$ cat coords.tsv   # TSV, N, CA and C atoms and all ligand atoms
chain	number	residue	atom	x	y	z
A	46	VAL	N	147.53	121.42	89.84
A	46	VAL	CA	147.04	121.63	88.46
A	46	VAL	C	146.84	123.12	88.22
A	47	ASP	N	146.48	123.46	87.00
A	47	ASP	CA	146.31	124.84	86.58
A	47	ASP	C	145.48	125.62	87.60
A	48	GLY	N	145.88	126.86	87.86
A	48	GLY	CA	145.12	127.71	88.78
A	48	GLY	C	143.99	128.45	88.09
A	49	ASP	N	143.47	129.44	88.77
A	49	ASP	CA	142.30	130.18	88.31
A	49	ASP	C	142.71	131.50	87.65
A	50	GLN	N	142.72	131.54	86.32
A	50	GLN	CA	143.11	132.76	85.61
A	50	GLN	C	142.11	133.93	85.72
A	51	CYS	N	140.97	133.70	86.37
A	51	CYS	CA	140.01	134.77	86.63
A	51	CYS	C	140.24	135.51	87.94
A	52	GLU	N	141.18	135.04	88.75
A	52	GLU	CA	141.37	135.59	90.08
A	52	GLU	C	141.76	137.07	90.06
A	53	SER	N	142.34	137.52	88.96
A	53	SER	CA	142.77	138.90	88.85
A	53	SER	C	141.69	139.77	88.22
A	54	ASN	N	140.53	139.21	87.97
A	54	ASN	CA	139.43	139.97	87.36
A	54	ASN	C	139.84	140.58	86.04
A	55	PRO	N	140.26	139.73	85.09
A	55	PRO	CA	140.75	140.23	83.80
A	55	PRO	C	139.66	140.83	82.93
A	56	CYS	N	138.40	140.51	83.20
A	56	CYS	CA	137.32	140.96	82.31
A	56	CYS	C	136.83	142.29	82.78
A	57	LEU	N	136.92	143.30	81.93
A	57	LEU	CA	136.47	144.62	82.33
A	57	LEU	C	134.95	144.76	82.21
A	58	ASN	N	134.43	145.87	82.74
A	58	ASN	CA	133.11	146.41	82.40
A	58	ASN	C	131.97	145.45	82.71
A	59	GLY	N	132.12	144.70	83.79
A	59	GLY	CA	131.05	143.82	84.20
A	59	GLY	C	131.09	142.47	83.51
A	60	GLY	N	132.12	142.21	82.71
A	60	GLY	CA	132.18	140.94	82.00
A	60	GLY	C	132.32	139.77	82.97
A	61	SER	N	131.81	138.61	82.57
A	61	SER	CA	131.86	137.43	83.42
A	61	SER	C	133.06	136.59	82.99
A	62	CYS	N	133.93	136.27	83.93
A	62	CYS	CA	135.13	135.55	83.59
A	62	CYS	C	134.87	134.06	83.79
A	63	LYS	N	135.25	133.28	82.79
A	63	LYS	CA	135.28	131.83	82.93
A	63	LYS	C	136.71	131.31	82.80
A	64	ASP	N	137.09	130.48	83.77
A	64	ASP	CA	138.47	129.98	83.79
A	64	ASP	C	138.62	128.81	82.85
A	65	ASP	N	139.72	128.83	82.10
A	65	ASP	CA	140.07	127.71	81.24
A	65	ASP	C	141.43	127.20	81.65
A	66	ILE	N	142.02	126.36	80.81
A	66	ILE	CA	143.28	125.76	81.18
A	66	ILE	C	144.33	126.72	80.65
A	67	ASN	N	144.99	127.42	81.57
A	67	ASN	CA	146.04	128.39	81.26
A	67	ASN	C	145.53	129.57	80.43
A	68	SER	N	144.26	129.90	80.62
A	68	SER	CA	143.68	131.03	79.94
A	68	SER	C	142.29	131.23	80.51
A	69	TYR	N	141.55	132.17	79.95
A	69	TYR	CA	140.23	132.50	80.48
A	69	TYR	C	139.44	133.07	79.31
A	70	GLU	N	138.12	133.07	79.45
A	70	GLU	CA	137.25	133.74	78.50
A	70	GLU	C	136.45	134.76	79.28
A	71	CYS	N	136.15	135.88	78.62
A	71	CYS	CA	135.23	136.86	79.15
A	71	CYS	C	133.92	136.77	78.41
A	72	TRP	N	132.83	136.70	79.17
A	72	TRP	CA	131.49	136.95	78.64
A	72	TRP	C	131.07	138.38	78.94
A	73	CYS	N	131.01	139.21	77.90
A	73	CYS	CA	130.84	140.66	78.03
A	73	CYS	C	129.37	140.99	77.94
A	74	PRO	N	128.94	142.05	78.61
A	74	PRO	CA	127.58	142.59	78.42
A	74	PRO	C	127.39	142.99	76.96
A	75	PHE	N	126.14	143.08	76.51
A	75	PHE	CA	125.90	143.50	75.13
A	75	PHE	C	126.69	144.76	74.85
A	76	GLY	N	127.46	144.72	73.76
A	76	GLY	CA	127.95	145.94	73.15
A	76	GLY	C	129.30	146.32	73.70
A	77	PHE	N	129.77	145.52	74.65
A	77	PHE	CA	131.20	145.41	74.90
A	77	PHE	C	131.82	144.21	74.20
A	78	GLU	N	132.98	144.44	73.62
A	78	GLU	CA	133.69	143.39	72.93
A	78	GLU	C	135.16	143.46	73.27
A	79	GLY	N	135.92	142.64	72.57
A	79	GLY	CA	137.33	142.51	72.87
A	79	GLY	C	137.51	141.32	73.77
A	80	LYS	N	138.71	140.78	73.83
A	80	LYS	CA	138.90	139.62	74.68
A	80	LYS	C	138.63	139.91	76.17
A	81	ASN	N	138.70	141.19	76.60
A	81	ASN	CA	138.51	141.54	78.02
A	81	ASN	C	137.37	142.52	78.20
A	82	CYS	N	136.49	142.59	77.21
A	82	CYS	CA	135.36	143.52	77.22
A	82	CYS	C	135.78	144.99	77.20
A	83	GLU	N	136.95	145.28	76.64
A	83	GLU	CA	137.48	146.63	76.75
A	83	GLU	C	137.01	147.52	75.60
A	84	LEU	N	136.40	146.92	74.58
A	84	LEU	CA	135.78	147.68	73.49
A	84	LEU	C	134.26	147.81	73.55
B	46	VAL	N	135.03	152.31	74.62
B	46	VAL	CA	133.88	152.88	75.39
B	46	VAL	C	134.32	153.14	76.81
B	47	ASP	N	133.73	152.41	77.75
B	47	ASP	CA	134.09	152.58	79.14
B	47	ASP	C	135.49	152.05	79.45
B	48	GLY	N	136.23	152.84	80.22
B	48	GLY	CA	137.58	152.47	80.61
B	48	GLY	C	137.65	151.58	81.85
B	49	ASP	N	138.87	151.36	82.31
B	49	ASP	CA	139.15	150.45	83.43
B	49	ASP	C	139.26	151.29	84.71
B	50	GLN	N	138.21	151.36	85.52
B	50	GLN	CA	138.25	152.24	86.69
B	50	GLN	C	139.15	151.65	87.79
B	51	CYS	N	139.69	150.45	87.55
B	51	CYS	CA	140.72	149.91	88.43
B	51	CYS	C	142.10	150.44	88.12
B	52	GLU	N	142.20	151.24	87.06
B	52	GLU	CA	143.42	151.98	86.78
B	52	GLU	C	143.85	152.74	88.06
B	53	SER	N	145.13	152.64	88.37
B	53	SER	CA	145.71	153.33	89.49
B	53	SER	C	145.43	152.61	90.79
B	54	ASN	N	144.79	151.44	90.73
B	54	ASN	CA	144.70	150.56	91.89
B	54	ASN	C	144.03	151.24	93.10
B	55	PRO	N	142.73	151.56	93.00
B	55	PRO	CA	142.05	152.27	94.09
B	55	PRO	C	141.84	151.46	95.38
B	56	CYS	N	141.86	150.13	95.29
B	56	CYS	CA	141.64	149.31	96.48
B	56	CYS	C	142.92	149.14	97.27
B	57	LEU	N	142.90	149.58	98.53
B	57	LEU	CA	144.09	149.51	99.37
B	57	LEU	C	144.23	148.19	100.08
B	58	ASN	N	145.37	148.04	100.74
B	58	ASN	CA	145.52	147.04	101.79
B	58	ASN	C	145.27	145.61	101.33
B	59	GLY	N	145.75	145.31	100.13
B	59	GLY	CA	145.66	143.95	99.61
B	59	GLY	C	144.30	143.65	98.98
B	60	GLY	N	143.42	144.65	98.90
B	60	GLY	CA	142.12	144.45	98.26
B	60	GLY	C	142.22	144.17	96.76
B	61	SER	N	141.15	143.63	96.20
B	61	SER	CA	141.14	143.20	94.82
B	61	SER	C	140.07	144.04	94.12
B	62	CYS	N	140.46	144.68	93.03
B	62	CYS	CA	139.56	145.59	92.34
B	62	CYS	C	138.89	144.84	91.18
B	63	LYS	N	137.61	145.10	91.00
B	63	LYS	CA	136.85	144.60	89.85
B	63	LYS	C	136.30	145.80	89.09
B	64	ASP	N	136.54	145.86	87.79
B	64	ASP	CA	136.05	146.98	87.01
B	64	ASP	C	134.60	146.79	86.69
B	65	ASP	N	133.81	147.85	86.82
B	65	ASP	CA	132.43	147.75	86.41
B	65	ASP	C	132.21	148.83	85.35
B	66	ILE	N	130.95	149.11	85.06
B	66	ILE	CA	130.67	150.16	84.10
B	66	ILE	C	130.71	151.51	84.78
B	67	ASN	N	131.73	152.29	84.42
B	67	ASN	CA	131.90	153.62	84.97
B	67	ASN	C	132.05	153.60	86.50
B	68	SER	N	132.63	152.52	87.04
B	68	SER	CA	132.74	152.35	88.47
B	68	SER	C	133.56	151.10	88.72
B	69	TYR	N	133.91	150.87	89.98
B	69	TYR	CA	134.69	149.69	90.36
B	69	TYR	C	134.19	149.19	91.72
B	70	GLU	N	134.55	147.97	92.04
B	70	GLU	CA	134.24	147.44	93.36
B	70	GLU	C	135.54	146.92	93.94
B	71	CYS	N	135.73	147.07	95.25
B	71	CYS	CA	136.85	146.39	95.92
B	71	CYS	C	136.36	145.22	96.75
B	72	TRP	N	137.06	144.11	96.66
B	72	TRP	CA	136.98	143.11	97.71
B	72	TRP	C	138.10	143.44	98.68
B	73	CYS	N	137.82	143.40	99.99
B	73	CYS	CA	138.84	143.76	100.98
B	73	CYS	C	139.08	142.55	101.85
B	74	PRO	N	140.32	142.37	102.33
B	74	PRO	CA	140.67	141.30	103.27
B	74	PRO	C	139.84	141.42	104.53
B	75	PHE	N	139.72	140.30	105.22
B	75	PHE	CA	139.01	140.30	106.49
B	75	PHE	C	139.59	141.39	107.42
B	76	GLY	N	138.72	142.20	107.99
B	76	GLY	CA	139.21	143.18	108.93
B	76	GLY	C	139.26	144.56	108.31
B	77	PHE	N	139.16	144.62	106.98
B	77	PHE	CA	139.15	145.92	106.30
B	77	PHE	C	137.81	146.19	105.68
B	78	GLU	N	137.45	147.46	105.59
B	78	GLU	CA	136.20	147.87	104.98
B	78	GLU	C	136.35	149.29	104.46
B	79	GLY	N	135.23	149.90	104.11
B	79	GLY	CA	135.28	151.09	103.29
B	79	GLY	C	135.28	150.75	101.81
B	80	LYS	N	134.96	151.75	101.00
B	80	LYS	CA	134.89	151.60	99.55
B	80	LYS	C	136.22	151.07	99.02
B	81	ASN	N	137.32	151.54	99.61
B	81	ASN	CA	138.66	151.26	99.10
B	81	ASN	C	139.50	150.49	100.12
B	82	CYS	N	138.83	149.78	101.03
B	82	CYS	CA	139.52	149.01	102.06
B	82	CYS	C	140.38	149.91	102.95
B	83	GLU	N	139.94	151.15	103.12
B	83	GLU	CA	140.73	152.14	103.86
B	83	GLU	C	140.35	152.30	105.33
B	84	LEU	N	139.29	151.61	105.73
B	84	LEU	CA	138.79	151.68	107.09
B	84	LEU	C	138.87	150.33	107.81
A	101	CA	CA	142.74	127.70	84.79
A	102	CA	CA	147.08	154.93	92.64
A	103	CA	CA	134.86	150.14	83.42
$ encode --input "coords.tsv" --output "structure tokens"
Amino acid sequence: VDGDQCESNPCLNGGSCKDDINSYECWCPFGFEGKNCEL
Amino acid sequence: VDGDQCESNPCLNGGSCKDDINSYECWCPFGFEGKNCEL
């Protein structure tokens, strides 16, 4: 089944990665935004 | 704001880089150590 899309640490800047099905979400610290916390 | 300090792949020897705020961390394979898995 689907693997772990967080294994590559896609979330920058201390963001917490949650694995989804063929995708991932980043939970960013306050005041970082963007899909990977890059803003 | 803060950039991706994993730019340029600082972790050696198969290590995995995680971007933090103004810093990065490496996970290193068993048998390797140092900040950048260089020891
Ligand atoms: Ca997945
Ligand atoms: Ca390099
Ligand atoms: Ca960073």
$ atom_distance --input "coords.tsv" --atom1 "CA of residue 74 in chain B" --atom2 "CA of residue 56 in chain B"
10.5 Å
$ closest_atom_pairs --input "coords.tsv" --of "chain A" --to "ligand CA 101 (chain A)" --cutoff "8 Å" --atoms "only N, CA and C atoms and all ligand atoms" --output "CSV"
residue,atom,partner,partner_atom,distance
A:46,C,A:CA101,CA,7.0
A:47,C,A:CA101,CA,4.4
A:48,C,A:CA101,CA,3.6
A:49,CA,A:CA101,CA,4.3
A:50,N,A:CA101,CA,4.1
A:51,N,A:CA101,CA,6.5
A:63,C,A:CA101,CA,7.3
A:64,C,A:CA101,CA,4.7
A:65,C,A:CA101,CA,3.4
A:66,CA,A:CA101,CA,4.1
A:67,N,A:CA101,CA,3.9
A:68,N,A:CA101,CA,5.0
A:69,N,A:CA101,CA,6.7
$ atom_distance --input "coords.tsv" --atom1 "atom C of residue 83 in chain A" --atom2 "CA of residue 60 in chain A"
10.4 Å
$ atom_distance --input "coords.tsv" --atom1 "CA of residue 55 in chain B" --atom2 "CA of residue 53 in chain A"
14.4 Å
$ select_by_dssp --input "coords.tsv" --residues "chain B" --states "strand (DSSP E)" --output "PDB file with N, CA and C atoms, in the frame of the given file"
ATOM      1  N   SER B  61     141.150 143.630  96.200  1.00  0.00           N
ATOM      2  CA  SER B  61     141.140 143.200  94.820  1.00  0.00           C
ATOM      3  C   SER B  61     140.070 144.040  94.120  1.00  0.00           C
ATOM      4  N   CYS B  62     140.460 144.680  93.030  1.00  0.00           N
ATOM      5  CA  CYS B  62     139.560 145.590  92.340  1.00  0.00           C
ATOM      6  C   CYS B  62     138.890 144.840  91.180  1.00  0.00           C
ATOM      7  N   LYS B  63     137.610 145.100  91.000  1.00  0.00           N
ATOM      8  CA  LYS B  63     136.850 144.600  89.850  1.00  0.00           C
ATOM      9  C   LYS B  63     136.300 145.800  89.090  1.00  0.00           C
ATOM     10  N   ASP B  64     136.540 145.860  87.790  1.00  0.00           N
ATOM     11  CA  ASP B  64     136.050 146.980  87.010  1.00  0.00           C
ATOM     12  C   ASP B  64     134.600 146.790  86.690  1.00  0.00           C
ATOM     13  N   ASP B  65     133.810 147.850  86.820  1.00  0.00           N
ATOM     14  CA  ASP B  65     132.430 147.750  86.410  1.00  0.00           C
ATOM     15  C   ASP B  65     132.210 148.830  85.350  1.00  0.00           C
ATOM     16  N   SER B  68     132.630 152.520  87.040  1.00  0.00           N
ATOM     17  CA  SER B  68     132.740 152.350  88.470  1.00  0.00           C
ATOM     18  C   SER B  68     133.560 151.100  88.720  1.00  0.00           C
ATOM     19  N   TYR B  69     133.910 150.870  89.980  1.00  0.00           N
ATOM     20  CA  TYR B  69     134.690 149.690  90.360  1.00  0.00           C
ATOM     21  C   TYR B  69     134.190 149.190  91.720  1.00  0.00           C
ATOM     22  N   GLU B  70     134.550 147.970  92.040  1.00  0.00           N
ATOM     23  CA  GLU B  70     134.240 147.440  93.360  1.00  0.00           C
ATOM     24  C   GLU B  70     135.540 146.920  93.940  1.00  0.00           C
ATOM     25  N   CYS B  71     135.730 147.070  95.250  1.00  0.00           N
ATOM     26  CA  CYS B  71     136.850 146.390  95.920  1.00  0.00           C
ATOM     27  C   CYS B  71     136.360 145.220  96.750  1.00  0.00           C
ATOM     28  N   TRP B  72     137.060 144.110  96.660  1.00  0.00           N
ATOM     29  CA  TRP B  72     136.980 143.110  97.710  1.00  0.00           C
ATOM     30  C   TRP B  72     138.100 143.440  98.680  1.00  0.00           C
TER      31      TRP B  72
END
$ residues_near_point --input "coords.tsv" --point "(142.2, 139.6, 90.9)" --cutoff "6 Å" --atoms "only C-alpha atoms" --output "PyMOL selection string"
(chain A and resi 52-54) or (chain B and resi 61)
$ closest_residue --input "coords.tsv" --among "B:79, B:84, B:62, B:71" --to "chain A" --atoms "all atoms listed in the file"
B:62
$ interface_residues --input "coords.tsv" --of "chain A" --to "chain B" --cutoff "5 Å" --atoms "all atoms listed in the file" --output "list in words"
residues 57, 58, 59 and 84 of chain A
